[PDB]
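Below you will find one chain, with nothing else, as structure tokens; this is the form deposited in one PDB entry, and questions on how it binds or moves follow later.
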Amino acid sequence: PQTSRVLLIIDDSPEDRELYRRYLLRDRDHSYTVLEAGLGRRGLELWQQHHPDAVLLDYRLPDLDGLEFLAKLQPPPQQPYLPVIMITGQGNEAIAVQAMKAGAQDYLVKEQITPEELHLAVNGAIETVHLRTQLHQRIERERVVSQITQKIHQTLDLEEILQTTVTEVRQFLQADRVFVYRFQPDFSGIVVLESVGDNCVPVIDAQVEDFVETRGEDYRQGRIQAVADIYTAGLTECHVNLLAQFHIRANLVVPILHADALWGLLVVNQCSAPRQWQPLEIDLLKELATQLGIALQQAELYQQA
């Protein structure tokens, strides 16, 4: 009975919209909340305002046809693919084939739709967009990693490597802030590099003194700190106050090891809201940190020569 999917139906026949709603009720696996529009314009507003999990789109509407509609649909950057199923007229398959090249996941012929066919198409559209998104992110993640490896092979300057790392990581994660924290001999730390958008307070020029001496045992042993919400993570009053002071709400911290030594931290922040850090994100940061370590070893070995 709990809503498990939201579907937007855009179709100028109210009776057909009601038919598809009923058909969806037959699905034992999901509970659908259905948004309804009779015009392309209202359908676009509902898509933008309410983010449905899938769309059933009539190939012909009073104000737009399906192709014009698809063209105006902007996906979220979180999922740059459109969970759209085109419903086309009998004998009009060719138009629907064009709709798939333009981003639709599937199509149905209006007259031949059964409850089962509908559940199938909707299931498929949602699953396929999820699959396309996963593949998309792997390609991006491999690009970022491969780029750092190339810079190291080319023996480029450490500063450029850190800068590329912080920028590309922030862009990939869509994070509010990413920075590199370097430990000095006296076990003090300074922020060396920062990439920050509009959501956080810049920290590069506003840092005082601060813990590595006393509890970097975990960082030295390569462990990461993943905090979804600073208020529910059980930190000390001081630590929470410090992070809140810079509007940090979620915190992901990965150590940078040079040989066996704790050189610094690669840190990611969300400042706008809590954020659950995901396995693929954590693995990427860990791999980048390892690469930074390799770059550090290169620079030191190069220095001694």
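Don't overthink the numbering: it's just position in the shown sequence, from 1. Just so we're on the same page, rigid core means the largest C-alpha set that superposes within 1.5 Å between forms.
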| item | value |
| --- | --- |
| Unresolved deposited residues in the interval that joins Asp210 and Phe211 | 1 to 3 |
| Which of 130 to 138 and 90 to 98 has higher mean CA B factor, as the PDB entry lists it | 90 to 98 |
| Stretch exceeding the other in mean C-alpha B-factor - 147 to 155, 197 to 205 | 197 to 205 |
| Per the PDB entry, maximal CA B factor within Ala125, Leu118, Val178, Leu235 | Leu235 |
| Residue of maximum C-alpha B factor among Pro279, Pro52, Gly264, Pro62, per deposited coordinates | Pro62 |
| Entry-reported Cα temperature factor of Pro77, expressed as the chain third it lands in | highest |
| Chain-wide C-alpha B factor ranking for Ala259, given as lowest, middle or highest third | highest |
| Chain thirds of CA B-factor: placement of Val227 | lowest |
| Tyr107, C-alpha B-factor rank within chain (lowest, middle or highest third) | lowest |
| Chain thirds of CA B-factor: placement of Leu173 | middle |
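Missing here is the form deposited in another entry; even so, the following discussion is about that form.
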item	value
Core-superposed C-alpha of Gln48 shifting 2 Å or more between this form and the one not shown	yes
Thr88 C-alpha shift between this form and the one not shown of 2 Å or more, rigid core reference	yes
